Amino acid sequence: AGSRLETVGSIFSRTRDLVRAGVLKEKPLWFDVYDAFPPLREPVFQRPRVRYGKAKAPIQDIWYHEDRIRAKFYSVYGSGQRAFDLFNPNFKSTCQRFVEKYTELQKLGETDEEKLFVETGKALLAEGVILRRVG
Amino acid sequence: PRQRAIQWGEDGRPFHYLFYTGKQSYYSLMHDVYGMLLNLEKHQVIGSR
Amino acid sequence: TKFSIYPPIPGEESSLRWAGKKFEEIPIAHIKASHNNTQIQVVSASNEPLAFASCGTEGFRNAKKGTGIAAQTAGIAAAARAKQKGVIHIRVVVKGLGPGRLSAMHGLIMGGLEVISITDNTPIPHXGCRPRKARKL
Amino acid sequence: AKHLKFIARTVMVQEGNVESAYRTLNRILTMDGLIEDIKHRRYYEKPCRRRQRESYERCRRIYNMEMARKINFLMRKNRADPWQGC
Amino acid sequence: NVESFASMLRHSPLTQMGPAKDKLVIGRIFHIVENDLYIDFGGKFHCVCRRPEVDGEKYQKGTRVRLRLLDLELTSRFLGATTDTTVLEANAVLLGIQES
Amino acid sequence: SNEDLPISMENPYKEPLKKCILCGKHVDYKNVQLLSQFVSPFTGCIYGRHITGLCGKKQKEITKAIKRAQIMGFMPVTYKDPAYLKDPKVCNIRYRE
RNA sequence: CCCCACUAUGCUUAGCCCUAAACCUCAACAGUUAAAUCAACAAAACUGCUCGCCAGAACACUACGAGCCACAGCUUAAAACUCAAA
Ligand code: FES
Ligand SMILES: [K+]
Ligand SMILES: [Mg+2]
Ligand SMILES: [Mg+2]
Ligand SMILES: [Mg+2]
Ligand SMILES: [Mg+2]
Ligand SMILES: [Mg+2]
Ligand SMILES: [Mg+2]
Ligand SMILES: [Mg+2]
Ligand SMILES: [Mg+2]
Ligand SMILES: [Mg+2]
């Protein structure tokens with residue numbers, strides 16, 4: 001004797017109720033573990049609905065201040081002929097090296113954007129970095 | 001007919017890890033053959049039917 | 001020079017010639033390919049008639065006036081009368097989608113004429129007379 | 001009537017190949033819609049019928065273009081089985 | 001002073017790369033089926049590239065290669081669908097082999 | 001709170017929208033050379049936007065310019081003026097052999 | 001039904017006539033996408049508010065009355081007899 005109404009409550013609620021009603025003579029092996037360490041959400045069937053009108057998902061695009069510097073760097077100098085190595089968790093691309101220098105010079109008090117971008121390229125050229133302008 | 005003896009013990013636990021496929025012997029064979037093909041890569045007619 | 005499917009434009013200086021004659025001077029074979037007949041008239045560049053042949057003038061009648069072999073026969077007949085008058089190269093201007101549209105051109109070639117260009121002048125009204133109602137068959 | 005002649009719908013013959021010249025002319029008139037336009041103009045299409053066909057054609061093109069796009073997208077995985085035996 | 005997830009995500013190479021279109025990345029061949037090379041390049045999905053005609057035998061399991069990325073995941077929504085169809089693979093062009 | 005959290009802003013990597021070849025340019029009915037690039041050489045038929053690649057706005061401007069130029073005495077109707085056959089081919093249509 | 005010829009008519013002008021499967025077969029306005037998504041199909045499901053309209057079938061786009069440049073017309077629109085379905 002039991003219940004296969006998987007869309008009515010949860011396996012816990014259905015099992016708990018039938019144990020109270022005496023329908024289940026013994027509790028299942030998992031019941032005491034679920035009770036002691038329950039999930040964050042009780043697993044209850046729900047029907048996913050489609051959004052209409054002015055309803056929008058709450059997920060937000062992930063952006064950072066440095067993304068503005070990256071967009072300009074890719075436009076001006078393009079993607080570096082050096083290849084990304086996404087297996088190394090500490091990999092630094094020419095763009096990231098550019099962003100770090102750009103951040104340092106901003107903290108030194110410079111506030112202009114067009115001037116803070118030209119001085120950064122010079123610093124890297126002095127350090128031996130290859131910056132071939134796309135156009 | 002050599003129907004395999006009960007495929008679980010007294011505690012009810014099936015003996016073979018692929019019991020719940022319903023075809024444990026067939027899938028145990030496919031698993032063994034698929035595994036051999038993997039190891040070869042790591043390392044690297046008329047008579048019968 | 002590479003071949004151009006575009007005809008030479010009158011007034012420009014082209015190098016193409018046919019028996020020493022320019023494109024503007026080549027006689028014209030006017031083929032009217034109707035649904036029930038095919039009419040062919042060969043005229044000079046000055047619009048002087050040189051030869052006329054149709055399926056009806058070649059002894060075909062009624063449902064026979066509108067076939068491929070009837071138009072081919074009309075083309076041969078017009079080519080013969082045109083060749084006697086000194087025609088070798090012709091410009092083909094065909095109007096209509098009848099059965100003798102292409103066959104009438106073959107007959108002109110089998111009759112001894114050389115086609116240097118093909119022009120379609122099938123009348124297409126740009127908005128014009130209302131056509132008759134669909135046939136209930 | 002008032003235009004210059006031997007410019008519109010005019011194809012020159014190459015090396016006496018009149019069959020290829022006629023096919024080129026027929027292909028031009030087909031792509032420009034003339035061949036099918038002459039045929040539809042033999043008898044009067046009633047305005048309600050023209051709108052019905054123009055709407056059916058428009059929707060069959062959209063449906064065929066969308067079905068081709070789907071088949072192309074799902075044909076990337078037509079490669080051999082990478083996990084044969086599993 | 002335990003690093004947070006927000007910090008890992010900000011400073012990850014995949015985050016720093018920005019858009020993936022026309023980005024050169026280093027991949028590794030992990031599975032081969034005939035002339036189909038399955039290449040992992042650090043993303044969610046592998047890409048599948050055909051063995052190049054020149055130096056085809058140089059491309060083996062473990063060989064590191066240069067790729068030009070086009071899409072991290074090939075997905076498209078087709079008419080009358082509530083979600084997107086995904087082929088569960090990245091789109092990339094195999095350029096050659098990476099050597100030191 | 002935390003400095004490494006994402007910040008709200010507009011996509012910095014967003015690419016500009018596409019533009020037709022005639023975006024930002026005046027289409028005059030007297031510029032028959034430009035208009036001739038969008039009509040059929042053999043029949044003078046105006047090309048649809050699927051051939052010209054123009055946007056809805058410029059497809060309409062070109063169409064209206066052609067119709068005005070034709071009936072005002074600047075442009076032929078039944079064929080492309082042969083003077084303009086050697087202009088840049090900007091239309092996605094292949095005709096000959 | 002097919003072919004030929006030809007007329008009212010399709011056009012213009014000045015008056016009428018006032019109909020349509022005049023149909024997105026979806027009343028106007030405002031709002032919502034969370035609840036149960038929802039008889040079915042069509043075209044995801046609803047809320048507030050207002051006007052119009054409906055109350056078995058058939059008789060009936062009918063009869064009578066009334067109004068109308070309408071006169072073999074239009075609009076509004078019954079009842080009796082009949083049925084257990086429609
Ligand atoms: S895209 Fe701007 S006018 Fe065409
Ligand atoms: K309707
Ligand atoms: Mg009359
Ligand atoms: Mg009129
Ligand atoms: Mg209507
Ligand atoms: Mg109302
Ligand atoms: Mg339902
Ligand atoms: Mg009733
Ligand atoms: Mg009525
Ligand atoms: Mg009445
Ligand atoms: Mg009355």
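FYI, side chains are in, hydrogens and waters are out, and symmetry mates aren't considered; it's all heavy atoms of this structure. All chains are named by letter (A, B, ...) in the order of the sequence lines, taking the proteins before the strands, and each is independently numbered beginning at 1.
Comparing the same atom, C1', in G:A36 and in G:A45 gives a spacing of 10 Å after rounding to whole Å.
G:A44 has A:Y52 stacked on its base ring, the centres lying under 5.5 angstrom apart and the planes within 30 degrees of parallel.
With a 6.0 Å radius and a threshold of 12 heavy atoms from other residues, nucleotides or ligands, E:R77 has its CZ atom above the threshold.
Under the 5.5 Å and 30° stacking definition, the step from G:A60 to G:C61 does not qualify as stacked. Stacking between G:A42 and G:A43 is absent, since the six-membered rings do not have centres under 5.5 Å apart together with planes under 30°.
Nearest approach of C:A74 to C:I40, heavy atoms of both residues: C-CD1, 3.9 Å.
No canonical Watson-Crick or G-U wobble pair links G:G56 to G:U12 with each of its two hydrogen-bond distances shorter than 3.5 Å. With both atom-pair distances required to fall under 3.5 Å, no Watson-Crick or G-U wobble pair links G:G48 to G:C68. For G:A34 with G:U76, the Watson-Crick or G-U wobble criterion does not hold with each of the two distances under 3.5 Å. Under a 3.5 Å limit on both donor-acceptor distances, the bases of G:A30 and G:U47 meet the Watson-Crick or G-U wobble criterion. If you check G:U75 against G:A66, you find a Watson-Crick or G-U wobble pair, both contacts below 3.5 Å.
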Candidate pair F:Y47 and F:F38, rule ring-ring contact (aromatic ring centres under 6.0 Å, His included), full reasoning:
CA-CA 6 Å; F:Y47 287 136; F:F38 303 101; 8.4 Å; no
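Sugar pucker of G:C24 is south, as judged by a negative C1'-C2'-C3'-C4' dihedral. For G:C83, the sugar pucker falls north, since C1'-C2'-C3'-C4' comes out positive.
Nucleotide G:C16 has no partner under the Watson-Crick or G-U criteria, as no pair reaches both atom distances under 3.5 Å.
Taking the six-membered ring where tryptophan is involved, the planes of F:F74 and F:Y29 are perpendicular, since the angle between them exceeds 60° and thus also 30°.
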